[PDB]
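As structure tokens, the structure follows; a few thoughts come after it.
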Amino acid sequence: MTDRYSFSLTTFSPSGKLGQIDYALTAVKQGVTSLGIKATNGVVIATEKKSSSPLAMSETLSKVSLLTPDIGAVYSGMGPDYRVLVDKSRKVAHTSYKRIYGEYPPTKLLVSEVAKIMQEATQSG
Amino acid sequence: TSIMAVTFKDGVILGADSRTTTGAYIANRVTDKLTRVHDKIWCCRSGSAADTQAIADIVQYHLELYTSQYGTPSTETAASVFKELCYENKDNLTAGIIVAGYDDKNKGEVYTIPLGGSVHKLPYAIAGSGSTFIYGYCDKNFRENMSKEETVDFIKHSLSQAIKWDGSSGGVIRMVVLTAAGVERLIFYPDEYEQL
Amino acid sequence: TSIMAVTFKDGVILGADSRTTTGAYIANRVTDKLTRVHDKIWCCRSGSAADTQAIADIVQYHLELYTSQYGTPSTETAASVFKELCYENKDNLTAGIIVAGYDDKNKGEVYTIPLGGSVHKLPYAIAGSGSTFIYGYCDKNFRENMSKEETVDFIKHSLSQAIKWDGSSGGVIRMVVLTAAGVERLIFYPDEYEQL
Amino acid sequence: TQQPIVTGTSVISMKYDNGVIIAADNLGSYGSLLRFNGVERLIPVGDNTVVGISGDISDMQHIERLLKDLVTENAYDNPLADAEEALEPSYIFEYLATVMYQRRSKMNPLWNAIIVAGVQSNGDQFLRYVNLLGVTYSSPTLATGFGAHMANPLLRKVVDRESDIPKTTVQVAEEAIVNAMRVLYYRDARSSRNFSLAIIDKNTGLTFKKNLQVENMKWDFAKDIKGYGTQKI
Amino acid sequence: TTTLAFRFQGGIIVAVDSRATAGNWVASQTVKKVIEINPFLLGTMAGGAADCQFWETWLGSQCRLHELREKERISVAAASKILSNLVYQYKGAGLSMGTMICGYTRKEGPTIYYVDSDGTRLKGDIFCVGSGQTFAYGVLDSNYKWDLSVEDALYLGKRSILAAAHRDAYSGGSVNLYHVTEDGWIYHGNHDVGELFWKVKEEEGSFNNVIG
Amino acid sequence: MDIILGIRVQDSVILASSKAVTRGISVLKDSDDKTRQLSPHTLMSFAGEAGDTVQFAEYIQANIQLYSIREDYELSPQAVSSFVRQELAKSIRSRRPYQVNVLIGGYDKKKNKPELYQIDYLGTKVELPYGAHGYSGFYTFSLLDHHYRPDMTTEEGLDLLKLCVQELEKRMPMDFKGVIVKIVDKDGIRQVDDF
Amino acid sequence: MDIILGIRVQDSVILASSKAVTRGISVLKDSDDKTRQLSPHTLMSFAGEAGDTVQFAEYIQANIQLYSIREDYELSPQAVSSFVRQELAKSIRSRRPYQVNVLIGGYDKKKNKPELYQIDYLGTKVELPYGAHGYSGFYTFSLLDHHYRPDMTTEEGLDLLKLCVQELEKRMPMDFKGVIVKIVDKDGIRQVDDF
Amino acid sequence: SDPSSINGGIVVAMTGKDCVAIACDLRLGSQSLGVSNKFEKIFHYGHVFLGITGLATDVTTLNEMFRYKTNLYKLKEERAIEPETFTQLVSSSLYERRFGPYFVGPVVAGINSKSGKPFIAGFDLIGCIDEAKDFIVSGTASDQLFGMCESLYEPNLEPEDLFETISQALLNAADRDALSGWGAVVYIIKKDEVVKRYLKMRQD
Amino acid sequence: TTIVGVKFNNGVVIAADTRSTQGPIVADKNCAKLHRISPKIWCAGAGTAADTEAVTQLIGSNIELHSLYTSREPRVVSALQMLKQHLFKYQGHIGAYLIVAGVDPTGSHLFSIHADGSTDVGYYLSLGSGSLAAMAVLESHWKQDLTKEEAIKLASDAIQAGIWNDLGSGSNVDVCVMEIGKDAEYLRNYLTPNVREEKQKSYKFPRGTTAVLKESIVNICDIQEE
Amino acid sequence: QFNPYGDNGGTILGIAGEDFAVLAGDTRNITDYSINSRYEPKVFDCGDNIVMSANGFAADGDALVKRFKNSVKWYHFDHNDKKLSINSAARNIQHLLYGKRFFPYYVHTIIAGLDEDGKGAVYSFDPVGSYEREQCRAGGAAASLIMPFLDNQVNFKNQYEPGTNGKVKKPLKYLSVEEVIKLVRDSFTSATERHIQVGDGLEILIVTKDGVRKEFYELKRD
Ligand SMILES: [Mg+2]
Ligand SMILES: [Mg+2]
Ligand SMILES: [Mg+2]
Ligand SMILES: [Mg+2]
Ligand SMILES: [Mg+2]
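Protein chains in written order, with this note's numbering: chain A, 1 to 125; chain B, 1 to 196; chain C, 1 to 196; chain D, 1 to 233; chain E, 1 to 212; chain F, 1 to 195; chain G, 1 to 195; chain H, 1 to 204; chain I, 1 to 226; chain J, 1 to 222.
Listed below in structure tokens is the structure:
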């Protein structure tokens, strides 16, 4: 065994394109529409609960997730990828910030941490 | 601490006092020293409370995972898991555990695991600081294949004496009965056992 | 060492094992631990053999000189002399002595003098390393005003258990009976008391 | 220098409007072995003083003999031995305190903590403490060993300062002492259920109560307590 | 502690600091570290405060008994030896003493004996004792001459204690000065180190490392 | 080893270091140079446990020389002293700490100023007009506190240094076999061969 | 104290003793005379624990002076050294022993011979052509073993002694501040004031 | 031997009306030997001030560490760290060395730039936060400082009155400590001006 | 330190004194010893104050992540299990002695935990140097089926016993009440029986009393434009 | 092993005025974290207008005070009822203390009274008998908390006259008995706040030419 894939699976093509990122964006394009609007005294994020079956209880599937008491997230694309990112985002808000400064991270810095995780899946082996 | 487990005709009964001391201060006078590691496999704990709780929790985890894969474990198997933890970590543990359980095939069984982490299968076992004072009494009064009522009386009288002489023992006498019929908890208060 | 003295209807009986150890080696397996300090005042010795022999010899001297001047000493007086030596020299002694005697006025009396040199008058007393294992048994089985035969059985059974569990105790069970009728020595061998 | 062998635990006491109360259990421990169950640790001196002693029992028995000898000696060539020249609690304490401090100064202490409780000739309450170091102090409530940690907080709720003493009756004081003895029995591993209690009152004199027991104990709640965290059965 | 005594043309200068400490805690800044044994003899306090106080007062009593019996002033040699012989009897018991016994007689002239609790008795010209002794020695050794004037000798002793008081954490408070003549010692005042430091810094130009 | 002294005057830093190397009973050497040139205008003297002193000094020297080559530039005395402090501060919580106390005498060519840094084995750094390690300060600081001026010439610094050494030779129980004296200024490092 | 040396030549005994008195950190004195004249032709040098050295030496001196007055006679060096040995041999099993080592240099007027006795604090006596206490012998004995002759003059003894002191000053870690040298011969005791 | 009293020194902080004050002595020593009279123990990162007593190598190391961390904080947050946030950072940083601690007694002082609220805090060597309303003390003369502050302090002192109170608290505490003194600095901190004053004191 | 926990009818109450000490010196006179693990799980700490704070925040942090992961409100048994396994691993070196109390969907709970990792269950508990004084009160006045008001009274009385009788305890009583089906109410400084009396004298100095060598403005602002 | 010594806590304070002297002490007696007594007198009138306190180990403290009181009694017997002057008492206490040099009274002793010119006097002793006349001296547990405050408020240390900026010291003006008592009370109130062994009560003995007067004040009991 051992993970023997220690090389990048995303690489530059002759045209300068990073194929796997483009294809990931194509998967996002197929995803259900979600949106966000910023007001003077608040922000709203919204999406459609596209229920896969009427027998499914769509309340048990949360597309909009609390990351911190003052930060929320919504997505478009692959649900399972989102779910694990929410787990990582929640944890990193504690490990790389709250356990250091005794307060929750500002939005931009939590976004920065999530972004870093997504960047690494674009370069790591 | 005064703890014991006694096999009898219908199975096995575990007994214990309820006193936990920090020096001469009684930090808990209503301690439950009879610990469930499986439905019909229990143990009596003596020594470091931290150690015996940690060990018991790990055993309960092991037997839960055992049960999910291989079905109900034997009392011998439970004793083996206790022994493995006690023997391999003997340098860092202060634990004296009596394991008691009921199978339908094997019926009531008692295993004692003293400080070193050795295992000894016995008809009955006594342990804890208070046990020293009742070696004579227990040896003279134990019989094999006693009734439930006789075994309750034997444990009640034994632990009564252990409590009487050992300052580290006291409070209520707790008992857990393990038979085919199920699991029964008993409790006996000072006003009852002190007049025996 | 396992020693005890028990008052009964007709007087008092002293009991002892016969084992003297140097570490795990039995230096003497037929020791006489029942020592005469006066005609009907004897003692059981535990602790340093040198110390308890030295103390007993001094007491015997004191009571001999007492008798020449004031007539027969009481058991209380003998206990007081033992206590005086044990208390005043507590820093340099390791002695646990049980004093037992028969008066006609007071009948059978038992005094125990533990390590510190305190005195405690009791109906019966147990001492020595083996005594720890029979606190439960003795407390449950002792009755006041027993017969000679019952008291012999009580001591025989008690010391049997003490010997069984204590490695420092063993050999024969010696007994000395103190009554109005006189002084009677008894001995009981392993083949007798081990099957009890 | 020695070590205590056979020991007695807490002695507790307090002042009330007309006198003092003192109490101590009847146990003589041998380490963790509850060896002797009929030890009297309150020793009356005359009809006006009770000396309560904890710690080494062999030293207690020695002190008991000193106090007995003190009474004999005081009566010598003393026509008023049972009147104006009787032993006062203050005389008995000062003597003991002298002995204790002398013994610690020879590096051979009497391994005890002592409370002398009594009523003086003029009716004044006497309550003072002395221990193996020769340390002495007085307070409306006094307790030794575990009693100091558990009895005093309870007894101080009744008499918190000097001005609370005249407001405290003998019934309230005894009730507080008896409750404290129960609490000590719950929580001191070297205590016993059996104890003695002595009241020294300026009107009714010395009342010495033997063979008292801790009663009205709460244990029923123990039946519901299971495991040490997650266990339900 | 910092104590010194030195012999010169005009007799003896004795200079001491005033600080007593228990660990890091400054117990006193007003300690009298010169013991006035009698009007003609002085002793310095270092090591144990009680040992020095007690036994040098006792020495004063012995000196007084000597001159009553012999009808003559005791020599510094004899006085110092009474103290050294006494403390030598106690050797091992744990006395702590480092003192200079200072006097000026006809037969001896100005004389200083270093007496010490392990039994040492040394005659000498310059002695320094205490936690700040090394600092005071520096100033003493580089400026000492036999032909110092009483005024300059007094200042040198003062300046040497100041040097120690500045650098040694356990020295300070104030400086006590004495001048021992044949007709007896003369006290030359108590000088607060705080005020003395700034005064000396300005007038002397020393301690440029310190901002004032 | 034993005595190391430093004094920063108007235009230079002077380091004086004892010549004795004693291994218990015998004085094995009386001409030991307890110093290393870290860069053309930076000198470090050292004292402490045997072996560790030279090992540390040469390790520092190698690192500063490496920096000098990589950047084609001489680090300021302040920068060098900070690097050294960190190495010792790192060392004090190691498995086996460097038991080494140092003085760093450097001439800053940018600021045209001499600079003396005192650093003990714990990584305790202070910039001083004059400094020492061990017991050396106990004997010499009262003299330096008295005579020192910030506008002293190199010759006056050497004279004050001689007085300090004389006091050491008088009151110190150990024979440290004199001192090697080195001057650090705008022209670099040189040794005073008669002292 | 520290270094005490002795050498017995043709017609005299020469004792060399260091001048330093060190109390831990500081050298308190550099002119200390570690010797006592016991009788006109007997000199004793000493070294050991502070206080006890002088106390013992003066005690011995007082006793020999007392004997001299009582009998109107000077005890032989051998007799004096035996008395001293017994005092130290008695002392070693006392509650608090004298921690004092001595050399006794005497000229026997009856035999017309110089005599040197070495006695340590245990009461270990030996008569020697040359001796020492402490570490002094470790540095000097190889030189004395080589150059010593029983027919040496006093001047040759002093020259050999100078070589011994020079070797001590070179290899010894401690500064003992030179030595006071005294000569014991038929005319009595005298001090060499330039050494 | 005791690492917290090898070098000596003290820090004290106090709150006043719309202001805080933090002060320290200037001594660095090697036990009895005075080594430096210019060893300042108060540092600042933006408008947040940090005093540190104890082992001097750790004082320097922690200053460099918190400069390091507050610089990165500022680059990422795009704003200066606040006293409340920095206090948590100090606590976190100290506790990460729970079983090999820095032998220090840090003291934080500052005014929150948004609320204007005066803030002080103290720590033990392993990170426990003491957030007092009145005053914080630290160092080898902390007992003396507690005594001075407890009697001299009163709430809502004006900046120039607070200066006298904290100065006298430091000075007289230091003069009863062998290992403190050799100069002193007092910072008077207001929302957008900070004044630094060196005090004249005895030099023994 | 005196900390107690008392079970009652429909929940649990914890209380603590507010004195933190360094040897015989009082470091803080109004210390907060009641720590929040989660909104309705609180605990009180005795022993090493940094350890009690750190272990509470760590487990509290992990409890929060666990709550988010499982979409369930945190349980006291989870906090207990995580605390004890952490403390056991460090073999008593983390000197945290805690009384853990709270309400969750399972009900109301009260546990004690020692630094070595041993835990206990009870209706009333006390920890710290003033625990014997507190337990004396609890053993004297505790009964089954206490009301909320009775439990708060008993808990605070037990802390007072510590405040007055234990030198390690003092100042104020903090309380937190956790009732089933309600928000946990944290009552900071519930009792204040130790306010210092007015001083005899004002020690405000005349301005210019202190001698000053130098003054300077400290630049706290960043590098300026232009 | 038997430890013959203990620590009963307590804090005492002696201040000498111009024609008066006060010796104050808290009334709390402790061992470890327990209170033995909230009112156990620690400052004693020893006769001849001398007040005394021996703070630290209370058994040694009581023994010393008892022996000094006895010494006053015998001084009267042996020297025709002569009044024992405060300086003579001080020297006598040195000998009492130094008599046990190798097994000391584990106490810090302070006595207060008037000298033979009627001026206020305070003497301070270490455990083995070294002593000095002082103007101001705190002893015991919270001595380190109190002394710096007294340096500042009694001796006006570090206080200079406004406008001069360090050039002119604040002049050392004499304090009245009412002023001293204020500083004593504030010293103990502050000590009570920050030291766990200080509290319960404060007893002050004031000595004047008229004799010895007592004042008691409540302190916080936590
Ligand atoms: Mg373990
Ligand atoms: Mg029991
Ligand atoms: Mg100083
Ligand atoms: Mg200072
Ligand atoms: Mg207090």
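Each residue gets a CB set at the ideal place from its N, CA and C atoms; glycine is no exception.
Own chain, CB closer than 7 angstroms to D/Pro109, minus 5 neighbours either side, in chain order: Excluding positions up to five away in sequence, the list reads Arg103, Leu132.
I/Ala136: beta carbon under 7 angstroms from a heavy atom of ligand 4? Answer for I/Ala136: no, Cβ out of range of ligand 4.
Run through chain E and tell me which residues come within less than 8 angstroms of F/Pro129, C-beta to C-beta. Per Cβ cutoff of 8 angstroms: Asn208, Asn209.
Cβ contact (3+ pairs, closer than 8 angstroms) linking the stretch 122 to 133 of chain J and the stretch 47 to 56 of chain E: With a cut-off of 8 angstroms, the stretch 47 to 56 of chain E and the stretch 122 to 133 of chain J count as touching, because enough Cβ pairs lie within range.
Short Cβ contact (8 angstroms threshold) for H/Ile126 with H/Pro101: Yes, the pair counts as a contact, with Cβ atoms nearer than the cut-off.
Host alpha helix (DSSP H) of J/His95 (start-end): Secondary structure note for J/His95: its alpha helix (DSSP H) is the uninterrupted segment 86 to 98.
Please return the same chain residues whose Cβ sits closer than 6 angstroms to the Cβ of E/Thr111, not counting the five positions on each side in sequence. Within the same chain, E/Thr111 has close Cβ partners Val76, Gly103.
Helix, strand or coil: which one does DSSP assign to G/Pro97? Here G/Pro97 carries a coil assignment [DSSP, helix/strand/coil].
At a Cβ threshold of 8 angstroms, is I/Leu125 touching chain H? I/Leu125 does not count as touching chain H.
List in chain order: all unbroken beta strand (DSSP E) runs of 3+ residues lying wholly within the stretch 93 to 127 of chain H. Listed in chain order, the complete beta strand (DSSP E) runs (minimum 3 residues) inside the stretch 93 to 127 of chain H are 104 to 111, 118 to 123.
Paired residues, beta bridge with J/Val51 - DSSP: Within the DSSP secondary-structure output, J/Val51 pairs in a beta bridge with J/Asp45, J/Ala112.
Relative to ligand 5, what is the chain-ordered list of residues with a Cβ closer than 6 angstroms to any of its non-hydrogen atoms? Any residue whose Cβ sits closer than 6 angstroms to a heavy atom of ligand 5 makes the list: J/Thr192, J/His195, J/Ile196, J/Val198, J/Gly199.
Residue closest to E/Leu86, alpha-carbon to alpha-carbon, out of E/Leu156, E/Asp125, E/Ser117: If we check each option's Cα against that of E/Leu86, E/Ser117 comes out closest.
Does DSSP put I/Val218 in a helix, in a strand, or in coil? Looking at I/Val218 - three-state DSSP - the assignment turns out to be strand.
Cβ pair G/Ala16, G/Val181 closer than 8 angstroms: In contact: G/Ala16 and G/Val181 (Cβ atoms closer than 8 angstroms).
Is E/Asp152 close to ligand 3? I mean its beta-carbon at under 7 angstroms from any heavy atom of the ligand. Checking the 7 angstroms criterion, the Cβ of E/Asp152 is out of range of every heavy atom belonging to ligand 3.
Would you verify that the beta carbon of B/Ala54 is, or is not, closer than 8 angstroms to some beta carbon of chain I? With 8 angstroms as the cut-off, B/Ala54 counts as an interface residue toward chain I.
Quick one: give me the first and last residue of the beta strand (DSSP E) that D/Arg35 is part of. Note, D/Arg35: beta strand (DSSP E), 33 to 36.
Pull up the DSSP beta-bridge partners for J/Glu218, would you. J/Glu218 is bridged to J/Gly201.
Which residues in the same chain as C/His38 place their Cβ atom closer than 6 angstroms to its Cβ, once the five residues preceding and following it in sequence are excluded? Cβ within range, chain order: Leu63.
D/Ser58 to D/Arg35, Cα distance in whole Å? One Cα belongs to D/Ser58, the other to D/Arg35, and the distance between them is close to 14 angstroms.
Extent of the continuous beta strand (DSSP E) to which F/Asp185 belongs: For F/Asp185, the uninterrupted beta strand (DSSP E) run begins and ends at 179 to 185, by DSSP.
Can you name the start and end residues of the beta strand (DSSP E) that J/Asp26 belongs to? It spans 21 to 26 - the beta strand (DSSP E) in which J/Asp26 sits, taken as one unbroken run.
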